[PDB]
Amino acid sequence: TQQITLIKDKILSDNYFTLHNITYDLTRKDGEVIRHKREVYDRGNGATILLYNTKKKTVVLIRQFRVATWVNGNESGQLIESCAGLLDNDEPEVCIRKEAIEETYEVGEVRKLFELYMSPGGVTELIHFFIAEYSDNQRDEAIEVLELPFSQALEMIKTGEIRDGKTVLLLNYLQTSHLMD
């Protein structure tokens, strides 16, 4: 796999985000040279934050219409997710504190977990994952604020009611962390 030589980068779409067709030569371990041609969709990077309450034993999530989901088996298009946004010229922590105010709370301490490529087959997207405590100290649209029992959130992963990658990632992390114990 070793040797990579970029050959061409053709822009297929420059509408708003960018779709590329990238051609590169890849030398396999047997020494054979294969030319790959691969579509790469660049819609930028993102941050997401699970909000939790240790005293109430609750999490706060958001529900909104996701058109990409609506065209692919999600009947209503509505999706339950952790608060998230695009890193829009902002550092991850700056982006996410701002998204926490807008979507849901002006949180205090956040904890960063990891930064993960969510769909590396054909999408550049890297997501910065955070958790943070919320209270009624730190306090009507298409974006519905959901406050639910953590035990309920876990159950909705089992039934399929919560079926978003980053959200399940975050809820599983909280489960194992002991912050809700």
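Each residue number is its position in the shown sequence, starting from 1.
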| item | value |
| --- | --- |
| Interresidue gap class [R28, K29; deposited sequence, unmodelled] | none |
| Gap size between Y105 and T104, counted in deposited residues that the entry leaves unmodelled | 1 to 3 |
| 160-168 or 10-18, whichever carries the higher mean Cα B-factor | 10-18 |
| 120-128 or 151-159, whichever carries the higher mean Cα B-factor | 151-159 |
| Residue selected from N137, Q64, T69, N45 by maximal Cα B factor | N137 |
| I96 - which third its CA temperature factor falls in, relative to the rest of the chain | middle |
| Among modelled residues of the same chain, the CA temperature factor third for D90 | highest |
| Record-listed C-alpha B factor of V40: chain third | lowest |
| Relative C-alpha B-factor of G73, binned into the chain's lowest, middle or highest third | middle |
